[PDB]
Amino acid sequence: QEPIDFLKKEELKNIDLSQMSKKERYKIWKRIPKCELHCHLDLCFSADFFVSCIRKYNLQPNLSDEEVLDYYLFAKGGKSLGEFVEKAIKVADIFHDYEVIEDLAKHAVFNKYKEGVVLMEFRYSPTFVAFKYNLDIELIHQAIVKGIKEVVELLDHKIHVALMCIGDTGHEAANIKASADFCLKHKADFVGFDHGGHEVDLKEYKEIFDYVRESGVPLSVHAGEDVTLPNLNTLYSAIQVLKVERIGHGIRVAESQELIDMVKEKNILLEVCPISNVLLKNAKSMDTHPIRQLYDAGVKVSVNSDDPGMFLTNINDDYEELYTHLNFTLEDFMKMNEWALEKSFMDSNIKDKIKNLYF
């Protein structure tokens, strides 16, 4: 046996969530064999870990542990994606050296393991991690790969982890072209390529994304997250120009039957991040989160945590919210995780083993 007794498809009918306190429900969420496709490793940490970093480097001697969390993080949410991006820039204060980066990676993987994630695609932005202390992206990558390797080996590969590379917009020393070149340079370690930060229309980078994609690195980019944008151009470009296989967030797809039909026809999966959307005001409330409409419309959607460090949440919190506010069932969760497995960029030999073990 292992610590978590993962739920099997045959067992789901016997579980009566309606009986259960929140504590008891969380024991069930943990036992869902989760496949998570959208989590930013560089903003994936616990409160305790983050504060430990701030103390280690004596960055906030005049602030308390809780004042540190308020000053740096986004647990209470904010007005917009724009505000989130600015706050995340502050968090880079912790990217002091390669030891802390390795440790962040190790703890990020271990906590996902503890939470009952069996398949984990982590993504990170080399340029985002590098800018604050002018670090070497080669050594950042080395540290992250080492940290992940050491934990998955300790865990006897009971969690499978793959990495994606993010070229992003909205911090100093951001560079999409350089991020693409870096991704391809480290194609052996990266299973996919992303764009995050400010939501921009990525049509203007068509050439860079074509090159990455045609090199055999599939694309999943952030699009259809930011409700403040005056149209859905970013989604049309992601789908029609970038030819992405998945979309980060993509919740604004719900606002257009054309896009709904398009994503369905192209077998594109939307990597939905419920709590993120509510905290950034890209959904009015969890009660009105577009995932329900999208799921009912037949669109492939999966559940994701986005930035556990920024929101001081974990993946089981997103499951809790979907159950409580939108009446998602265990059967729904199982189906979505199997879609995530199918659409994962991980090696098919690995995915086949995970499918046979849990699904």
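Under this definition, the rigid core comprises the largest set of C-alpha atoms superposing within 1.5 Å between the forms. Numbers follow the displayed sequence, beginning with 1.
Asker: Stretch 174 to 182 versus stretch 243 to 251: after rigid core alignment, which one is farther off in C-alpha RMS in 4 other deposited structures of this protein?
Answerer: The more displaced stretch in 4 other deposited structures of this protein turns out to be 174 to 182.
Asker: Kindly name the stretch, out of 58 to 66 and 24 to 32, whose CA atoms are displaced more from this form in 4 other deposited structures of this protein after the core superposition?
Answerer: The stretch that sits farther from the shown form in 4 other deposited structures of this protein is 58 to 66.
Asker: Higher average CA B factor in the deposited record is what I'm after, so tell me if that's 33 to 41 or 48 to 56.
Answerer: Going by the record's values, the stretch with the higher mean is 48 to 56.
Asker: So, looking at the entry's B-factor column for Cα atoms, which has the higher mean, 86 to 94 or 150 to 158?
Answerer: Per the deposited B-factors, the answer is 86 to 94.
Asker: Sort 76, 123, 289, 112 by C-alpha B-factor from the entry and give me just the highest.
Answerer: Largest recorded C-alpha B-factor: 76.
Asker: Choose from 189, 194, 99, 271 the residue with the greatest Cα B-factor as stated in the PDB record.
Answerer: Checking the PDB record, the top C-alpha B-factor among 189, 194, 99, 271 is at 99.
Asker: For residue 174, does the deposited CA B-factor place it in the lowest, middle or highest third of the chain?
Answerer: For residue 174, the deposited C-alpha B-factor lands in the highest third.
Asker: Which third, lowest, middle or highest, does the C-alpha temperature factor of residue 9 belong to within its own chain?
Answerer: Top third by C-alpha B-factor.
Asker: By the recorded C-alpha temperature factor, relative to the other modelled residues in its chain, which third is residue 341 in?
Answerer: Lowest third, going by the recorded CA B-factors of the chain.
Asker: Sorting the chain's CA B-factors, does residue 208 end up in the lowest, middle or highest third?
Answerer: According to the entry, residue 208 has a C-alpha B-factor in the chain's highest third.
Asker: By its CA B factor, does residue 298 count among the lowest, middle or highest third of the modelled residues in the chain?
Answerer: CA B-factor rank for residue 298: middle third.
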